[PDB]
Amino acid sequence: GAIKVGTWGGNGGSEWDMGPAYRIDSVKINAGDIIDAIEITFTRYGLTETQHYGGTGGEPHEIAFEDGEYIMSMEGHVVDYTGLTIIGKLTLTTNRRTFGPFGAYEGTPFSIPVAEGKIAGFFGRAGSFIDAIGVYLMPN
């Protein structure tokens, strides 16, 4: 019954799924040459929770969303990194700001420009890095 778009990326790592959330509070991305990890803080059904996916490498970057600020777009690249098909670059855009690009690897681009509605969560595959990423979509 959900709306899930994706994944883009490789078959490595283990499956992960945040599920949809009515409110995303903050996103923290770790990246070097590629996307090492994504960590999301969200609030739903009366509780706030943080979930970390991917490994321990890369430099951290974080965005704390304002009241009324939501994710409108995700854009990235699927690359070959040391023979592994993973996420090499990622950007998230809100109705107010651009968060990214992080990572430095380009290959096969993907983009989810949400003209109506919002990105409400993430799912994908992960190990030491983010092998694959997808998004939940919800109406505004």
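Just count from 1 along the sequence shown to find any residue number.
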Mean Cα B-factor comparison, 73-81 or 111-119, giving the higher one as deposited: 73-81
2-10 versus 130-138 - which carries the larger mean C-alpha B factor in the record: 2-10
Residue with maximal Cα B-factor (values as given in the PDB entry) among 44, 28, 96, 89: 96
Lowest, middle or highest third - CA B-factor, residue 49: middle
Among modelled residues of the same chain, the CA temperature factor third for residue 39: middle
